[PDB]
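Peer 1: The structure's right below; bear with me while I get my questions together.
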Amino acid sequence: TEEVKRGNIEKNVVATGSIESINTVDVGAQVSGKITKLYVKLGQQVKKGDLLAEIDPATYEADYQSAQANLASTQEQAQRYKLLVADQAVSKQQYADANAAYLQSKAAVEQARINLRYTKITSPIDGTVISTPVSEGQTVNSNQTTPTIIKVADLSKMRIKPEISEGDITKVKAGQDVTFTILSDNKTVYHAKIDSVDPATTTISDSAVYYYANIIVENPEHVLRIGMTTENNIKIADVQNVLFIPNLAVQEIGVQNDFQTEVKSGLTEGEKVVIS
Amino acid sequence: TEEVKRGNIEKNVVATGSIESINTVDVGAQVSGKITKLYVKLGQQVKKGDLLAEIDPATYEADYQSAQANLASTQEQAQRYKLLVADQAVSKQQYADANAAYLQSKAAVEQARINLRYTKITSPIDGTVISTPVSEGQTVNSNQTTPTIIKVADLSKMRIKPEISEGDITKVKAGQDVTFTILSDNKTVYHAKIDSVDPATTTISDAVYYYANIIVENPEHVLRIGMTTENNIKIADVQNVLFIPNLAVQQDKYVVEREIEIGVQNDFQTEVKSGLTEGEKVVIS
Amino acid sequence: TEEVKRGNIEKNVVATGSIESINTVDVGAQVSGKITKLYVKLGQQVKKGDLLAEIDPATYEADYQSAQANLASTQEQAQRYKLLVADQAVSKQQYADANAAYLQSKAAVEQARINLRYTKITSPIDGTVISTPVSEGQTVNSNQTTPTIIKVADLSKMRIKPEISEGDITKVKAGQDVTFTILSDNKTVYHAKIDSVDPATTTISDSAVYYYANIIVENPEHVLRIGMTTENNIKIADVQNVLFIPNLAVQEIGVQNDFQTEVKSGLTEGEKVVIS
Amino acid sequence: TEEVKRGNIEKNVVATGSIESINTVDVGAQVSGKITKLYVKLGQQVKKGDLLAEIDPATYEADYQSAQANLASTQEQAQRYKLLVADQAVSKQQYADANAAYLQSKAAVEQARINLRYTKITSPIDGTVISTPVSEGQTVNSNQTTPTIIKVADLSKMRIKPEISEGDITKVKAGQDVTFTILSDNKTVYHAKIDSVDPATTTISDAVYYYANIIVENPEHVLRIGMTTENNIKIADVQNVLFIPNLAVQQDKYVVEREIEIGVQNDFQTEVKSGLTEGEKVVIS
Amino acid sequence: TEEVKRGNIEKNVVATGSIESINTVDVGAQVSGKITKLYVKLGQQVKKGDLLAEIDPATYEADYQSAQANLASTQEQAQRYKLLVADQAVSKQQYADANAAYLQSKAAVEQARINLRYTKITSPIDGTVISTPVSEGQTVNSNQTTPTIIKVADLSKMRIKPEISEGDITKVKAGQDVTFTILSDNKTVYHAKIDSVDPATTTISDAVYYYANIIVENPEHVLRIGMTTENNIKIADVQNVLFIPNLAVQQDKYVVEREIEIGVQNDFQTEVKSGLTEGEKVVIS
Amino acid sequence: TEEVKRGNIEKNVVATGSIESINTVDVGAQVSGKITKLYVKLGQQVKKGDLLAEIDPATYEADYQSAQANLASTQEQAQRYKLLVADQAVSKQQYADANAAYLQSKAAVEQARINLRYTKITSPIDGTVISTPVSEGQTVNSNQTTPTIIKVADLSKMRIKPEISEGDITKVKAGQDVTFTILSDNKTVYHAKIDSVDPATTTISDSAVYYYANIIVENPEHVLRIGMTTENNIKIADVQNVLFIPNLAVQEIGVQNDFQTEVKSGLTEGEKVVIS
């Protein structure tokens with residue numbers, strides 16, 4: 001039920017997208033020691049650096065006392081020899097060692113002040129709380145296994161990850177128009193564009209070889225989510241306006257797709273089919 | 001095979017809930033060294049901070065002696081120079097170092113006093129004892145793998161985790177009325193509401209699912225915790241529009257006729273949009 | 001071949017018990033360093049704290065010399081200034097520092113004396129030796145992986161663990177009479193009582209959901225053992241003395257069991273069946 | 001089809017024995033650092049403590065120099081004040097500190113001398129070399145994973161481990177006569193006795209089994225170690241009662257007749273209790 | 001069915017190539033502590049040493065203050081005693097210790113300056129960014145598990161890894177002409193040469209295979225890296241001897257006749273040794 | 001088609017050999033810290049100790065400065081008191097402490113000189129490079145997981161590992177003549193002898209029980225390789241010259257092999273068969 005010409009070729013490829021958030025981060029600090037006060041739940045919206053947080057801060061407060069006293073000393077000291085030499089009382093060598101003990105005891109102050117700034121947790125981006133692995137009583141411990149402790153990420157702006165593959169990868173470039181949809185609200189179709197390839201076999205990012213090729217786009221509302229899978233198709237050609245042979249020239253010039261080719265050379269219209 | 005005056009549907013979805021306790025925590029300390037005295041058996045009711053607990057406290061008592069002597073010294077010292085300068089005997093610089101040794105030896109006292117407060121265990125909430133992995137003779141050790149040592153949690157108030165999924169997730173919101181029940185006492189049905197979604201694929205909390213927790217108070221023992229439940233969740237309720245027992249079945253198209261508009265159904269007992277008035281030519285079979 | 005009344009209902013449930021010892025502990029110390037002398041085998045009866053034991057004690061003896069000399073010093077010292085001031089010879093500040101070096105050198109003595117008490121092993125209960133993972137030549141090492149080194153536990157008093165399940169758990173309470181038996185001596189049947197539930201899905205203690213419910217009881221002789229599995233049944237009801245309808249009232253009032261119900265309301269006797 | 005005067009049964013059980021060496025040990029030291037000289041190849045006969053061995057000893061020789069100088073000092077010192085006071089020159093308090101520095105610097109000498117004695121390897125028993133996991137160039141390292149480095153064990157005297165099981169375990173005791181054989185030399189049969197049970201499910205030492213070891217001297221090479229054996233174990237022996245080739249087969253009940261009493265059999269050649277006298281009407285088929 | 005004058009064969013073998021980049025490296029430093037500023041996204045072209053990078057540098061700046069003061073001191077000091085002795089004021093032994101404190105405090109300055117140079121990341125080659133495992137908030141930590149943190153490598157010049165195997169390995173040497181192609185652009189065929197064997201079972205680099213790498217310049221993006229290729233490798237080429245389309249098929253024996261001598265074939269189009277002259281009685285079918 | 005006598009029995013056993021190199025070693029040092037310069041590729045021939053190597057040597061050069069200055073000091077010092085006492089100027093106790101600081105500062109010199117000798121890598125045998133796991137940029141790190149970093153071994157002299165088994169192990173001794181071949185060049189057959197058993201179930205070296213029994217032999221050229229598998233057969237008997245009954249004496253005296261026995265007692269020749 002077909003004949004000649006037009007210009008509606010759409011070549012497409014299709015793979016299936018695992019969808020994602022644009023960023024996304026796990027958080028637990030260089031400290032050890034059990035925790036005390038936990039500030040969030042499930043899926044809170046959180047703006048920058050917040051309160052999460054807090055391992056018991058106890059011995060770090062200790063070490064603050066100890067380096068702030070031994071700083072009050074050296075401070076008074078070289079503040080006093082800051083007024084000798086300025087007469088010419090004692091030396092220019094007794095100044096070097098009063099400054100040394102000062103600077104050294106200020107350093108060692110900003111140090112254990114840091115290890116207190118550790119004990120306080122902070123969210124590394126304004127975002128939303130995915131996970132909360134970790135609990136008010138929880139005797140965490142670092143050393144060599146960072147813990148994480150809160151997971152959080154950004155869900156306006158999401159980005160989908162089309163497990164595309166080894167064959168069709170000489171094509172799929174950037175900026176190709178794509179459409180895709182879910183599995184959750186079939187009457188929709190989302191369009192976007194394709195935004196970047198990888199150049200990385202998605203084993204190699206984070207038998208059976210895929211090459212992601214991310215597409216981003218803003219989720220307003222909270223509609224989408226994150227684990228989700230999508231079905232997606234990606235125009236790898238578009239000639240508006242040449243010549244179309246509903247398929248079979250089988251038992252010249254391309255390309256064929258899907259089974260519905262495409263006349264370039266020469267020719268022109270008017271013509272035939274195959275039947276049968 | 002007519003109307004329903006105007007009528008009343010329940011769309012529901014259903015998934016299967018792994019049930020849970022509201023909170024729940026594992027406990028074992030920053031210390032190492034073997035233990036000595038263990039205070040609970042599973043399924044003890046425990047109120048706050050209690051006695052669990054206790055790794056052998058031996059070398060931590062040592063370090064208490066050693067920092068409390070070296071504190072008795074500096075305390076006497078700068079308590080003595082606290083009465084010089086207040087004459088004007090010795091200086092204002094020999095005070096700085098008597099205070100330094102004091103503060104420093106008080107600090108290092110609160111430190112090893114802390115590492116004794118570690119050795120003593122405490123329960124991070126008033127609750128009940130799930131597990132007791134760990135035993136009177138047991139030569140535990142921290143460093144880099146925290147142990148836990150007691151698990152304990154709260155079982156009045158429980159919360160169930162309906163492994164719901166990728167399809168139906170555009171719906172299920174919060175505050176939806178839900179009912180569910182177990183596998184253990186079939187003549188029951190518990191109602192509750194739905195209390196929160198996640199926004200998190202339940203791999204990503206802790207084949208694609210998205211939990212959506214529902215809480216509610218367990219009085220008595222009754223429920224438990226490992227349990228699974230079967231649960232169904234009203235994703236619509238129109239009290240009072242028009243009901244076509246299903247088929248006008250398809251660019252959807254709808255036999256007797258006219259055509260209609262549509263939606264929605266469930267379990268296969270579709271709903272009208274115009275339609276259609278009352279009585280009409282009812283379409284079957 | 002049946003009619004009315006009585007009072008022999010036994011509802012029962014049944015699951016299969018993995019049997020156990022009441023306690024049970026693994027043992028290897030905070031030390032490192034290879035071992036030397038090992039005192040037990042296979043399944044010895046052992047009473048408290050014994051000799052197991054002993055990593056090579058060598059450098060810990062070293063550190064005993066070193067802190068016991070530096071203690072002989074301070075001891076002589078402040079024993080000598082314990083007799084000044086008691087005249088009024090030297091000061092009250094030279095006493096503080098002689099006591100300090102004393103206390104400090106006694107502390108540091110009880111410390112490396114402890115690290116020698118480590119090197120000696122001890123059994124944390126009068127019991128019996130399950131396992132002996134670990135051998136006269138064996139270059140063990142702690143740090144962050146405790147070793148264990150002997151396993152030992154108590155086998156008078158055993159306790160069985162009936163993998164019971166998600167359905168029948170609204171019933172099975174405590175104090176229910178139970179019977180169970182093995183797989184090794186079929187002409188027996190052991191009775192006991194049920195002694196505690198858990199409230200813990202036996203994944204959660206130490207697809208497919210079970211809830212243990214321990215039952216203890218004394219193994220005299222050594223007959224039972226430990227790995228064993230048992231088959232067990234647990235009276236979750238007993239009405240002595242109401243009304244019994246050999247089953248089928250199918251195509252009122254309960255409960256039914258197994259297929260052999262149970263008349264409450266109203267009624268009385270004399271009556272029928274089903275046939276057919 | 002009569003009696004057996006009085007007769008002689010063997011009940012047996014049978015399981016399959018994984019065979020073993022009596023002892024057996026893995027060896028690699030508290031040290032780190034690469035190695036240098038390796039003294040054995042597998043299947044060397046070795047007698048006690050030998051030369052294995054040797055991680056590069058380099059920095060441990062360093063720490064020997066450094067603690068042996070600082071010992072030469074304190075030795076000369078308090079050897080000198082060992083001749084004051086014995087006049088009455090200098091004090092009784094300057095002796096305390098010369099002794100302290102002495103003892104302390106002898107201690108710290110026996111310490112780094114020890115960490116040299118580590119660097120040298122030694123075989124924890126006179127025996128034979130199973131394995132040699134570890135090589136002349138091999139940059140080993142301890143800390144928290146002890147290495148092993150040579151495995152060695154004793155192969156005169158071996159001991160076989162009959163994966164026996166949950167049923168038959170109420171029987172099999174110690175001192176039962178056993179026979180077993182391999183898979184490698186079928187015309188043999190080795191007898192021994194059974195020497196110990198366990199009381200330990202062979203998951204729990206190191207589908208339910210309970211080992212029950214049997215030892216015996218391997219002279220020559222002959223046996224080996226990975227081997228499996230097939231073994232059978234007399235759990236009864238009545239020399240001299242009455243034997244009914246099996247069936248009176250069932251509340252057990254026993255055809256010709258009369259009835260009997262019973263037990264026991266094996267492999268299906270049952271035994272009488274009364275019974276039954278001599279000759280009788282033999283029941284078959 | 002005759003001769004080939006003298007004729008021209010291609011034996012080939014074939015295996016399937018996993019393709020690769022020439023180099024390729026993972027990068028994350030000796031430091032610990034969380035990060036702060038991250039400079040790249042995957043698939044950035046990067047030239048040498050760049051900005052990646054940066055764990056929070058905080059306490060390393062601290063230790064810079066502390067060792068640069070204690071250096072200002074000793075510098076002034078021995079700069080002052082650099083002008084004694086050059087009179088002859090104080091000694092030649094008070095110089096030794098002023099130099100010692102100097103050198104020692106310069107050393108400990110280059111040390112903590114180093115641990116700041118750590119905190120800054122750098123790309124170990126001019127190349128392109130594969131991976132970016134690691135994120136602006138990410139609380140990394142070293143010690144004993146190096147992290148990596150960026151992966152990057154070189155994609156002009158790629159090299160393909162033909163999982164070739166245990167049989168054909170006595171052949172395939174180096175410098176053999178090869179052709180191969182993908183799975184993604186079938187109208188192509190890439191030729192190259194073979195550039196090296198391994199001598200290493202490709203389990204042992206990083207069912208038995210032996211890689212045998214072939215390199216060649218990827219200009220443009222075109223290829224990629226995960227890819228598989230299908231590749232065939234001329235293990236013989238006699239231009240110009242005699243060709244018997246196969247069968248004289250067997251102590252091998254060769255119908256029409258006479259007999260021949262033989263080899264070799266492929267895919268089943270065998271070759272003569274005498275044979276046989278021209279024309280002859282061609283054997284079929 | 002057979003009769004009596006001779007002396008061509010060959011009993012043989014057969015198993016399949018995984019072949020190997022005689023030695024073989026993995027190499028990466030006690031250091032940490034990233035690397036810098038890497039000297040080899042794929043399969044280089046390398047003679048002893050070479051250049052491989054080199055983690056960035058930076059802070060180890062630091063610690064060389066620091067202990068070589070503090071050595072220049074003590075060296076000058078006790079070189080100066082080496083000329084007192086030799087008059088009789090200052091004491092015999094001030095010498096002890098000048099020597100102490102000297103020896104101690106020489107020790108501490110050979111120490112950080114060692115930690116520089118670490119940073120330089122060296123091949124633990126003249127051989128060939130199997131593997132090169134590890135790369136110019138590679139931020140390696142030891143502590144508790146040695147890295148390895150180059151793998152290298154010897155491929156003249158190879159040694160094959162005949163997964164032989166639990167049955168036939170009462171036989172296979174040493175010095176038995178063996179032949180074997182590959183899978184890669186069928187027209188060959190290599191002979192060798194058998195050179196050692198193990199006494200070790202090849203799980204136990206480095207359901208289903210094998211016992212290796214190595215055979216070595218020189219690979220000249222580079223022909224063999226290493227991953228390879230071989231098929232091998234091993235004469236466990238050879239009587240040249242007794243009496244041979246093509247098999248079946250079935251429905252005396254052995255042994256039988258394969259199905260082609262072997263007359264000892266008594267007898268003599270001339271005789272029969274089985275047919276049928």
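Chains: A, B, ... in order of the structure tokens. Residues: from 1 per chain. Ligands: from 1, in order shown.
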Neighbouring residues of segment 172-176 of chain A were defined as those with any atom within 6 Å, considering only C-alpha atoms; residues of the same chain fewer than 4 positions away were excluded. Please report them as a list in words.

Peer 2: residues 193, 194, 195 and 196 of chain A

Peer 1: Considering only C-alpha atoms, give me a table of residues in chain B that are at most 8 Å from chain A, with the closest atom pair and distance in Å for each, as a Markdown table.

Peer 2:
```
| residue | atom | partner | partner_atom | distance |
| --- | --- | --- | --- | --- |
| B:25 | CA | A:137 | CA | 6.4 |
| B:26 | CA | A:138 | CA | 6.3 |
| B:27 | CA | A:139 | CA | 5.8 |
| B:28 | CA | A:139 | CA | 6.1 |
| B:29 | CA | A:139 | CA | 5.9 |
| B:30 | CA | A:33 | CA | 6.0 |
| B:93 | CA | A:77 | CA | 7.2 |
| B:96 | CA | A:73 | CA | 5.1 |
| B:97 | CA | A:73 | CA | 6.8 |
| B:99 | CA | A:69 | CA | 7.6 |
| B:100 | CA | A:70 | CA | 5.4 |
| B:103 | CA | A:66 | CA | 6.3 |
| B:104 | CA | A:66 | CA | 4.8 |
| B:107 | CA | A:62 | CA | 5.2 |
| B:108 | CA | A:62 | CA | 7.4 |
| B:110 | CA | A:62 | CA | 6.7 |
| B:111 | CA | A:59 | CA | 5.9 |
| B:114 | CA | A:59 | CA | 7.2 |
| B:123 | CA | A:137 | CA | 7.7 |
| B:124 | CA | A:137 | CA | 4.7 |
| B:125 | CA | A:137 | CA | 7.6 |
| B:143 | CA | A:143 | CA | 7.5 |
| B:144 | CA | A:143 | CA | 5.8 |
| B:145 | CA | A:141 | CA | 7.1 |
| B:146 | CA | A:141 | CA | 5.9 |
| B:148 | CA | A:139 | CA | 7.9 |
| B:166 | CA | A:184 | CA | 6.2 |
| B:167 | CA | A:184 | CA | 3.9 |
| B:168 | CA | A:184 | CA | 5.9 |
| B:169 | CA | A:184 | CA | 6.6 |
| B:170 | CA | A:184 | CA | 6.2 |
| B:198 | CA | A:43 | CA | 6.7 |
| B:199 | CA | A:225 | CA | 6.4 |
| B:200 | CA | A:130 | CA | 5.8 |
| B:201 | CA | A:227 | CA | 5.0 |
| B:204 | CA | A:131 | CA | 6.8 |
| B:205 | CA | A:131 | CA | 4.9 |
| B:206 | CA | A:133 | CA | 5.7 |
| B:208 | CA | A:227 | CA | 6.8 |
| B:209 | CA | A:227 | CA | 7.9 |
| B:210 | CA | A:227 | CA | 8.0 |
```

Peer 1: So that I have them on file, write out the residues from the current selection with C-alpha atoms, as a PDB file, in the first residue's frame.

Peer 2:
```pdb
ATOM      1  CA  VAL B  25      20.528   0.070  65.886  1.00  0.00           C
ATOM      2  CA  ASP B  26      23.659  -1.814  66.137  1.00  0.00           C
ATOM      3  CA  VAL B  27      26.098  -1.117  68.842  1.00  0.00           C
ATOM      4  CA  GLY B  28      29.784  -1.936  69.553  1.00  0.00           C
ATOM      5  CA  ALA B  29      32.474   0.526  70.569  1.00  0.00           C
ATOM      6  CA  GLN B  30      35.599   2.421  69.435  1.00  0.00           C
ATOM      7  CA  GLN B  93      55.704  34.059  82.885  1.00  0.00           C
ATOM      8  CA  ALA B  96      51.831  30.846  82.119  1.00  0.00           C
ATOM      9  CA  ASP B  97      53.786  27.556  82.271  1.00  0.00           C
ATOM     10  CA  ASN B  99      48.703  26.961  83.944  1.00  0.00           C
ATOM     11  CA  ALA B 100      49.845  25.240  80.730  1.00  0.00           C
ATOM     12  CA  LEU B 103      45.206  22.703  81.675  1.00  0.00           C
ATOM     13  CA  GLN B 104      47.272  20.181  79.611  1.00  0.00           C
ATOM     14  CA  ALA B 107      42.725  17.743  79.266  1.00  0.00           C
ATOM     15  CA  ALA B 108      44.796  14.466  79.197  1.00  0.00           C
ATOM     16  CA  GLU B 110      39.353  14.000  80.552  1.00  0.00           C
ATOM     17  CA  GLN B 111      40.846  12.066  77.577  1.00  0.00           C
ATOM     18  CA  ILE B 114      36.760   9.207  78.132  1.00  0.00           C
ATOM     19  CA  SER B 123      22.031   1.419  74.747  1.00  0.00           C
ATOM     20  CA  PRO B 124      21.481   4.193  72.253  1.00  0.00           C
ATOM     21  CA  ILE B 125      17.653   4.105  72.786  1.00  0.00           C
ATOM     22  CA  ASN B 143      40.393  -0.769  64.752  1.00  0.00           C
ATOM     23  CA  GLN B 144      38.848  -0.687  61.368  1.00  0.00           C
ATOM     24  CA  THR B 145      35.818  -2.890  61.490  1.00  0.00           C
ATOM     25  CA  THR B 146      33.533  -1.514  64.151  1.00  0.00           C
ATOM     26  CA  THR B 148      28.579  -4.495  66.714  1.00  0.00           C
ATOM     27  CA  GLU B 166       8.524   1.147  38.507  1.00  0.00           C
ATOM     28  CA  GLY B 167       5.187   1.321  36.873  1.00  0.00           C
ATOM     29  CA  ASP B 168       2.708   2.401  39.363  1.00  0.00           C
ATOM     30  CA  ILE B 169       5.040   4.908  40.865  1.00  0.00           C
ATOM     31  CA  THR B 170       3.791   7.961  38.978  1.00  0.00           C
ATOM     32  CA  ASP B 198      10.830   7.286  48.890  1.00  0.00           C
ATOM     33  CA  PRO B 199      12.511   8.854  46.095  1.00  0.00           C
ATOM     34  CA  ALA B 200      14.888   6.125  46.143  1.00  0.00           C
ATOM     35  CA  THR B 201      15.034   2.810  44.370  1.00  0.00           C
ATOM     36  CA  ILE B 204      19.652   2.789  46.700  1.00  0.00           C
ATOM     37  CA  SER B 205      18.110   3.049  50.057  1.00  0.00           C
ATOM     38  CA  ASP B 206      20.351   0.681  52.071  1.00  0.00           C
ATOM     39  CA  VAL B 208      13.054  -2.158  39.990  1.00  0.00           C
ATOM     40  CA  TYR B 209      11.187  -1.202  43.116  1.00  0.00           C
ATOM     41  CA  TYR B 210      10.679   2.016  45.102  1.00  0.00           C
TER      42      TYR B 210
END
```

Peer 1: Applying 9 Å and only C-alpha atoms, which residues near residue 274 of chain A remain after dropping the ones on its own chain fewer than 4 positions away? List them as number ranges by chain.

Peer 2: A: 247-249

Peer 1: Go ahead and write the selection's residues with N, CA, C and O atoms as an mmCIF file, in the first residue's frame.

Peer 2:
```cif
data_model
loop_
_atom_site.group_PDB
_atom_site.id
_atom_site.type_symbol
_atom_site.label_atom_id
_atom_site.label_comp_id
_atom_site.auth_asym_id
_atom_site.auth_seq_id
_atom_site.Cartn_x
_atom_site.Cartn_y
_atom_site.Cartn_z
ATOM 1 N N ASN A 247 10.309 -1.460 1.126
ATOM 2 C CA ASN A 247 11.558 -2.193 0.997
ATOM 3 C C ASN A 247 11.931 -2.895 -0.306
ATOM 4 O O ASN A 247 12.525 -2.320 -1.230
ATOM 5 N N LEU A 248 11.553 -4.161 -0.347
ATOM 6 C CA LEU A 248 12.417 -5.191 -0.885
ATOM 7 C C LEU A 248 12.953 -4.960 -2.277
ATOM 8 O O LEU A 248 12.266 -5.201 -3.266
ATOM 9 N N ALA A 249 14.197 -4.484 -2.330
ATOM 10 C CA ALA A 249 15.025 -4.701 -3.515
ATOM 11 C C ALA A 249 16.087 -5.856 -3.330
ATOM 12 O O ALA A 249 17.289 -5.702 -3.630
#
```

Peer 1: Need to verify the contact set: segment 110-127 of chain F, 6 Å, only C-alpha atoms, exclusion of same-chain residues closer than 6 positions in sequence. Can you return it as a short mmCIF file (atom, residue, chain, number, x, y, z; two decimals) with C-alpha atoms, in the first residue's frame?

Peer 2:
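Output (around-v4.cif):
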```cif
data_model
loop_
_atom_site.label_atom_id
_atom_site.label_comp_id
_atom_site.auth_asym_id
_atom_site.auth_seq_id
_atom_site.Cartn_x
_atom_site.Cartn_y
_atom_site.Cartn_z
CA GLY D 137 62.23 -12.46 45.24
CA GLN F 45 64.30 -10.45 28.67
CA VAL F 46 65.80 -9.02 31.87
CA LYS F 47 69.07 -10.03 33.62
CA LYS F 48 69.54 -9.51 37.39
CA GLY F 49 68.43 -6.81 39.75
CA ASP F 50 67.45 -4.37 37.06
CA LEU F 51 65.71 -1.10 36.69
CA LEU F 52 61.95 -1.65 36.74
CA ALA F 53 60.98 0.48 38.99
CA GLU F 54 60.67 3.58 41.12
CA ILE F 55 57.94 4.94 43.08
CA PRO F 57 61.55 8.92 45.71
CA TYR F 60 62.94 9.53 51.09
CA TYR F 64 68.46 11.37 53.58
CA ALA F 153 59.90 -15.58 35.30
CA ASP F 154 62.20 -18.03 33.61
#
```

Peer 1: Enumerate, as a VMD selection string, the complete set of residues in segment 34-242 of chain B that a backbone-based DSSP assignment places in strand (DSSP E or B).

Peer 2: chain B and resid 35 45 to 46 55 127 to 129 150 to 153 158 to 162 165 177 to 181 190 to 193 201 209 to 210 214 to 216 228 to 233 241

Peer 1: Could you dump the residues just selected with C-alpha atoms as an mmCIF file, in the first residue's frame?

Peer 2:
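Produced file out_4.cif, reproduced below:
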```
data_model
loop_
_atom_site.group_PDB
_atom_site.id
_atom_site.type_symbol
_atom_site.label_atom_id
_atom_site.label_comp_id
_atom_site.auth_asym_id
_atom_site.auth_seq_id
_atom_site.Cartn_x
_atom_site.Cartn_y
_atom_site.Cartn_z
ATOM 1 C CA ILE B 35 34.866 -8.471 77.101
ATOM 2 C CA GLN B 45 13.128 -4.535 77.047
ATOM 3 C CA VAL B 46 15.842 -1.939 77.741
ATOM 4 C CA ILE B 55 35.159 -4.961 77.355
ATOM 5 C CA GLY B 127 13.905 -0.280 73.160
ATOM 6 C CA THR B 128 14.186 -4.021 72.722
ATOM 7 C CA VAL B 129 16.847 -6.440 72.063
ATOM 8 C CA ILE B 150 24.213 -5.773 70.521
ATOM 9 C CA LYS B 151 21.507 -4.857 68.053
ATOM 10 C CA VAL B 152 18.457 -3.269 69.556
ATOM 11 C CA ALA B 153 15.331 -1.550 68.387
ATOM 12 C CA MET B 158 6.500 -0.366 63.329
ATOM 13 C CA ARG B 159 6.792 0.564 59.811
ATOM 14 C CA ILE B 160 6.294 -1.603 56.715
ATOM 15 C CA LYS B 161 8.092 -1.350 53.495
ATOM 16 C CA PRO B 162 5.959 -2.133 50.411
ATOM 17 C CA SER B 165 7.359 -0.520 41.649
ATOM 18 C CA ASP B 177 -5.470 5.193 52.454
ATOM 19 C CA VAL B 178 -3.959 1.683 52.581
ATOM 20 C CA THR B 179 -4.878 -1.693 53.827
ATOM 21 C CA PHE B 180 -2.648 -4.650 54.032
ATOM 22 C CA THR B 181 -2.372 -7.848 55.964
ATOM 23 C CA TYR B 190 -4.964 -3.814 59.053
ATOM 24 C CA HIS B 191 -5.768 -0.430 57.677
ATOM 25 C CA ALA B 192 -3.447 2.504 57.894
ATOM 26 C CA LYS B 193 -2.521 5.385 55.632
ATOM 27 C CA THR B 201 15.034 2.810 44.370
ATOM 28 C CA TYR B 209 11.187 -1.202 43.116
ATOM 29 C CA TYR B 210 10.679 2.016 45.102
ATOM 30 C CA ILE B 214 3.951 3.002 56.126
ATOM 31 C CA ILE B 215 4.234 3.232 59.906
ATOM 32 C CA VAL B 216 1.925 2.234 62.614
ATOM 33 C CA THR B 228 5.871 -9.899 54.920
ATOM 34 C CA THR B 229 2.601 -8.360 54.210
ATOM 35 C CA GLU B 230 0.218 -8.124 51.331
ATOM 36 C CA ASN B 231 -0.962 -4.607 50.759
ATOM 37 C CA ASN B 232 -3.283 -2.629 48.576
ATOM 38 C CA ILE B 233 -3.461 1.119 48.129
ATOM 39 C CA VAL B 241 -19.795 8.866 38.903
#
```

Peer 1: Write out as number ranges by chain the residues lying within 7 Å of residue 165 of chain C, counting only C-alpha atoms and excluding same-chain residues fewer than 3 positions away.

Peer 2: C: 168-169, 209-211

Peer 1: Quick one: residues within 8 Å of residue 36 of chain B, only C-alpha atoms counted, chain neighbours fewer than 2 positions away excluded, as a PyMOL selection string?

Peer 2: chain B and resi 34+38+54-56+136-138

Peer 1: Quick one: residues within 7 Å of residue 216 of chain C, only C-alpha atoms counted, chain neighbours fewer than 3 positions away excluded, as a PDB file with C-alpha atoms, in the first residue's frame?

Peer 2:
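Full text of around-v7.pdb as output:
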```pdb
ATOM      1  CA  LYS C 157      22.325 -28.123  78.677  1.00  0.00           C
ATOM      2  CA  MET C 158      21.557 -27.721  74.887  1.00  0.00           C
ATOM      3  CA  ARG C 159      19.158 -25.614  73.185  1.00  0.00           C
ATOM      4  CA  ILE C 160      17.433 -26.228  69.884  1.00  0.00           C
ATOM      5  CA  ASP C 195      11.084 -21.518  76.367  1.00  0.00           C
TER       6      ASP C 195
END
```

Peer 1: Measure the distance from atom CA of residue 98 of chain D to atom CA of residue 73 of chain D in Å and round it to one decimal.

Peer 2: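 That distance, rounded to one decimal, is 10.2 Å.
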